[PDB]
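This report refers to the structure that appears directly beneath it.
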RNA sequence: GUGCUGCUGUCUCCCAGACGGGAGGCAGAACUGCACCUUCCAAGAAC
DNA sequence: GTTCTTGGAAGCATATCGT
DNA sequence: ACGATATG
């Protein structure tokens with residue numbers, strides 16, 4: 001719930017006393033992870049050190065329960081299951097037995113304990129009893145418990161019988177009803193545990209002994225890991241049940257006898273050494289009496305008509321059902337249990353100030369942290385190697401059982417930070433010892449005016465919400481690849497000069513400051529990153545074709561043309577007809593590609609290590625191009641290592657577990673660095689301008705009508721999942737006190753921000769956008785225009801809609817489908833009714849007319865005629881896709897005829 | 001401290017199979033640059 | 001060639017009896 | 001006051 005940040009410090013050597021504690025803690029943690037799973041009478045799977053999944057059947061779990069101390073782990077199965085469910089938090093969140101999963105150690109791993117007998121905190125009972133006993137009227141208590149409540153806690157404390165509870169209170173400050181409540185409000189888990197102790201199963205035998213705090217830390221880590229495993233396993237079971245449902249759905253749609261005949265066909269085809277796959281099913285479904293390509297003749301041309309004529313017309317759906325069944329039969333039935341290991345899957349050996357783990361004293365001196373750990377054996381003083389994250393630390397103890405640290409995070413700026421440390425954690429990574437300083441952090445307050453403004457601006461026009469009522473500063477973002485970031489900021493109360501934009505129910509605002517960020521830092525390096533990436537992309541295809549050339553002599557016609565038209569030119573090579581020589585030429589080409597990759601990578605490293613340092617930028621397009629080059633080189637190398645797959649199209653999965661490990665590592669690390677630097681740039685631009693509210697492009701959805709952001713080689717979606725990017729930028733803008741919203745990008749890249757009409761984005765000068773103003777042709781930067789459009793959409797609350805879907809009623813009219821509340825708001829404001837239809841006009845356009853609610857059913861009577869259709873807005877009329885592009889093409893032919901010289905430029 | 005992140009020399013293990021590729025270790029030289037919540041986890045996709 | 005929108009586990013509070 | 005369980 002709180003805010004968190006962390007970094008690791010390096011402890012050079014740790015005495016043998018702390019080493020032994022680390023290993024014994026890991027041992028006990030593994031023991032608990034094993035014991036909780038065992039307590040469940042449910043088989044599971046383990047990921048062993050070498051990757052092979054064992055299946056621990058009930059035998060090994062029963063033997064483990066026996067070794068742990070249980071004399072007969074057969075009849076006590078149900079109580080153990082209840083306890084396991086309780087400790088892993090699979091119980092009622094209100095009646096939860098163990099709010100923290102480490103509260104169970106004392107009842108389990110100790111001889112003398114009082115769990116389940118103490119009652120001083122169970123409900124508010126004791127506190128309320130003493131409070132009323134502190135000279136407060138019982139009528140007030142009864143009222144506040146019965147009728148003054150609407151959702152308060154007092155309602156949920158009252159598990160007792162009121163007609164008898166209000167008879168107990170006659171006695172002064174009693175505890176008899178307290179014991180009654182203790183034995184009445186039994187939580188199932190703790191009752192099961194008490195039954196187990198009385199039975200004689202508990203105080204189980206632990207591994208190498210430790211004090212209670214170490215046991216609590218081990219239990220916490222084990223419980224965390226097992227709860228993650230349970231969540232993953234539940235999702236796995238859900239997906240497999242969904243697959244079974246899909247199999248049932250597919251099977252219900254065919255004749256079972258025909259499905260059995262198709263099963264016979266598939267079995268015989270497999271006996272013919274052909275495994276059933278979507279590709280061959282589709283190939284066979286093309287034309288049964290015809291001849292399939294050479295890739296399928298061996299398996300098809302000997303079985304296609306051998307008694308399987310009856311299912312020729314149904315082969316398609318029958319193959320679909322067979323594929324569904326064979327997918328369900330092979331998808332994982334569960335998720336394997338990764339298990340704790342001091343060197344293979346370390347846990348955090350944790351130290352806390354309130355019982356969880358053993359205490360520690362965090363100290364600083366001479367620019368380095370001095371950690372002190374109160375191990376049972378004694379006291380251990382460690383010196384941490386200086387860190388530039390926590391530079392020049394200072395630390396003092398607060399009166400809240402916490403340490404307050406003030407430090408400098410080294411950057412261009414050297415801002416001081418302040419956070420609180422309450423838990424510290426050990427870990428052994430690549431042999432060395434580290435401490436995870438997880439520390440708390442309080443961001444900026446975020447003013448109430450900002451929240452009012454956000455609620456106002458994100459709402460549709462048909463929802464009344466209070467006005468911003470303040471001089472907010474809103475800024476837009478347009479995320480991209482080449483220009484990673486473009487912005488435009490307005491002050492919401494001033495229109496001194498610049499591009500103007502309406503604001504909902506306020507004066508007009510001006511985008512005084514607009515800019516471009518990112519872009520090409522160096523031209524040559526970007527061009528070479530682009531070329532070398534293209535070679536790898538096409539090289540893998542050349543390898544794929546060469547392999548099946550060597551296997552089957554000649555390609556099919558179309559795939560052969562692709563080799564000459566696309567692959568050979570784009571993967572510089574002289575195509576040798578000989579099969580043997582193709583290996584050696586391909587290897588030589590891969591050698592050249594690796595040398596070029598090394599050169600480019602070195603130049604990219606000289607960013608910060610040449611006198612040109614000062615002219616580099618926090619983020620440049622090279623980051624994004626370098627990610628694509630790495631991604632494509634991974635594919636090319638993976639194809640080359642797989643060249644000798646003689647079978648040509650048969651699977652040999654498994655093999656090397658590392659392979660291109662260095663390239664995957666580099667890809668992930670460079671992605672992380674790029675995302676971090678990008679978000680730093682956005683946040684710093686926002687702060688420099690005071691943008692307390694930030695409108696953002698919603699990359700989750702792609703505008704199909706755009707030509708730049710739609711393709712694979714230019715999309716951010718190809719490097720990250722869209723959710724991972726905006727969430728990171730959203731979070732730290734918040735941490736700096738800036739609230740941000742996501743706006744739909746539909747037609748923002750191809751609609752004017754001065755005018756409201758469509759235009760042209762150049763296919764050659766990709767960074768320019770053309771439109772018409774005063775019937776003169778002007779141009780602007782295609783990315784600042786997108787930012788202004790996003791901000792304008794945020795500010796006007798989506799007043800102007802550029803696209804509308806419709807369906808063709810047979811009358812010759814189109815009915816508008818409304819599903820987003822912005823559509824309803826627009827259709828209401830422009831016409832006056834919730835729904836409307838587009839009526840043709842003689843000038844080859846359709847006009848909105850609006851409908852009364854009654855005729856909606858009449859329109860629905862015919863709406864089923866056709867599919868959804870797109871319609872686009874121009875100069876106050878609406879026109880169709882085939883004619884929308886015509887108007888854009890007219891502007892295209894006009895611009896190429898006019899030239900850049902006669903075109904004025906808008907400022908940016 | 002973790003990355004961005006490399007170079008020279010040099011040793012070792014794998015897949016080729018005589019064209020090449022892929023895990024790692026060790027010793028040097030060049031630069032004092034830019035960022036930094038981590039941990040635990042199994043656009044690609046349909047026809 | 002023509003279109004569409006991965007989630008989970010964690011990173012401590014305070015109360016009370018006895019010296 | 002502070003320490004050792006105990007459990008929101």
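Find the centroid of the Cα atoms in segment A:678-700 and in segment A:517-582, then give the distance between the two in whole Å.
40
Give the span of chain A's Cα atoms along each principal axis, as three whole-Å numbers ordered largest to smallest.
Principal extents (Cα only, largest first): 95, 76, 74 Å.
Quote the relative contact order of segment A:36-139 in percent (integer), defining contacts as alpha-carbon pairs under 8 Å separated by 6+ residues. Each step should come with its number before you reach the end.
On the way: 66 pairs, mean separation 17.2, N = 104.
Reported as a whole number, the value is 17 percent.
Taking square-rooted eigenvalues a ≥ b ≥ c of the alpha carbon gyration tensor, is segment A:408-534 rounded, prolate or oblate, where a/c under 1.5 means rounded and, failing that, a/b exceeding b/c means prolate? Intermediate results must be reported in sequence, preceding the final value.
Numbers: a/c = 2.64, a/b = 1.32, b/c = 2.00.
It is oblate, given that a/c is not under 1.5 and a/b is not larger than b/c.
What's the angle, to the nearest 10 degrees (0 to 90), between helix A:821-831's Cα axis and the longest principal axis of chain A?
50
Would you mind computing, in nm to one decimal, how far apart the modelled labels at residue A:5 and residue A:251 are, each placed 7 Å from Cα along Cα→Cβ?
Result for the modelled spin labels: 5.7 nm.
For the pair residue A:887 and residue A:583, what calculated FRET efficiency results from E = 1/(1 + (r/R0)^6), where r is the Cβ-Cβ distance and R0 = 45 Å, to the nearest 0.05?
Working: r = 54 Å, r/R0 = 1.20.
That gives a FRET efficiency of 0.25.
Given the peptides A:284-294, A:593-603, A:797-807, A:213-223, arrange them by the average over their residues of other C-beta atoms within 10 Å, most packed first.
On the way: A:284-294: 12.8, A:593-603: 14.6, A:797-807: 18.9, A:213-223: 25.2.
By packing density, highest mean first, the sequence is A:213-223, A:797-807, A:593-603, A:284-294.
Once both axes come from the Cα atoms, what is the angle between helix A:661-689 and the longest principal axis of chain A, in degrees from 0 to 90, rounded to 10?
Helix A:661-689 sits at roughly 90 degrees to that axis.
Set the Förster radius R0 to 41 Å, insert the Cβ-Cβ distance between residue A:638 and residue A:765 as r into 1/(1 + (r/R0)^6), and round the FRET efficiency to 0.05. Walk me through the numbers before you get to the answer.
On the way: r = 37 Å, r/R0 = 0.89.
For residue A:638 and residue A:765, the calculated efficiency is 0.65.
Let me make sure I get this right: for segment A:732-841, a, b and c are the square roots of the gyration tensor eigenvalues over alpha carbons, sorted descending. Under 1.5 in a/c it's rounded, otherwise prolate if a/b > b/c, else oblate. Which is it?
Working: a/c = 2.44, a/b = 1.29, b/c = 1.89.
Because a/c hits 1.5 or more and a/b fails to exceed b/c, segment A:732-841 counts as oblate.
At 222 nm, what value in deg cm²/dmol follows for chain A if DSSP H runs of at least 4 each add -39500 (n - 2.57) and the sum is divided by all its residues, to the nearest 500?
Working: 26 runs with 377 residues, N = 908.
It lands at -13500 deg cm²/dmol.
For segment A:704-854, what's the relative contact order in percent, using C-alpha pairs closer than 8 Å and at least 6 residues apart? Intermediate results must be reported in sequence, preceding the final value.
Values: 173 pairs, mean separation 17.5, N = 151.
Computed over segment A:704-854, the figure is 12 percent.
Can you compute the FRET efficiency between residue A:852 and residue A:239 using 1/(1 + (r/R0)^6), with r the Cβ-Cβ distance and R0 = 45 Å? Round to the nearest 0.05.
Values: r = 47 Å, r/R0 = 1.05.
For residue A:852 and residue A:239, the calculated efficiency is 0.45.
Please give the contour-minus-distance gain from residue A:286 to residue A:372: 0.36 nm per residue of separation, less the Cα-Cα distance, rounded to one decimal in nm.
23.6 nm
Sticking with the crude label model, points 7 Å out along Cα→Cβ, report the distance from residue A:727 to residue A:331 in nm, one decimal please.
2.2
Rounded, prolate or oblate: pick one for segment A:654-799, where a ≥ b ≥ c are the square roots of the eigenvalues of its C-alpha gyration tensor, a/c under 1.5 means rounded, and failing that, prolate if a/b is larger than b/c, else oblate. Intermediate results must be reported in sequence, preceding the final value.
On the way: a/c = 2.55, a/b = 1.48, b/c = 1.72.
Judged from the Cα gyration tensor, segment A:654-799 comes out oblate (a/c at least 1.5, b/c at or above a/b).
Using 7 Å Cα-to-Cβ label points, what is the residue A:445/residue A:208 separation (nm, one decimal)?
According to this spin-label approximation, the distance is 5.3 nm.
In nm, what is the difference between 0.36 nm times the number of residues separating residue A:866 and residue A:173 and their Cα-Cα distance? Numbers along the way, then the final one.
Working: separation 693, 0.36 × 693 = 249.48 nm, distance 7.69 nm.
Fully extending the segment from residue A:866 to residue A:173 adds 241.8 nm.
Angle between the Cα long axis of helix A:579-605 and the longest principal axis of chain A, 0 to 90 degrees, nearest 10?
70
For residue A:399, project a label point 7 Å along Cα to C-beta. Then give me every residue of segment A:334-377 with its amide nitrogen under 20 Å of that point.
Of the residues in segment A:334-377, A:353-354 have backbone N under 20 Å from the label point off residue A:399.
Take every Cα pair under 8 Å in chain A that's 6+ residues apart, average their separations, divide by the length, and report that relative contact order as a whole percent.
Values: 1295 pairs, mean separation 92.1, N = 908.
Answer for chain A is 10 percent.
How much length is gained on full extension from residue A:305 to residue A:359, taking 0.36 nm per residue of separation minus their Cα-Cα distance? All intermediate terms of the calculation are to be shown ahead of the outcome.
On the way: separation 54, 0.36 × 54 = 19.44 nm, distance 7.85 nm.
The residue A:305-residue A:359 span can extend by a further 11.6 nm.
Residues in segment A:754-795, backbone N under 16 Å from the label point at residue A:710 (7 Å along the Cα-to-beta-carbon vector): list them, ranges by number please.
A:759-764, A:766
Could you give the distance between the Cα centres of segment A:48-68 and segment A:722-766, to the whole Å?
Here the answer is 53 Å between Cα centres.
Positions of Cβ are backbone-derived with ideal geometry, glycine not excepted, and every protein chain shown enters the neighbour counts. Where a number appears in this text, it was derived from the coordinates with a stated rule and is not lab data.
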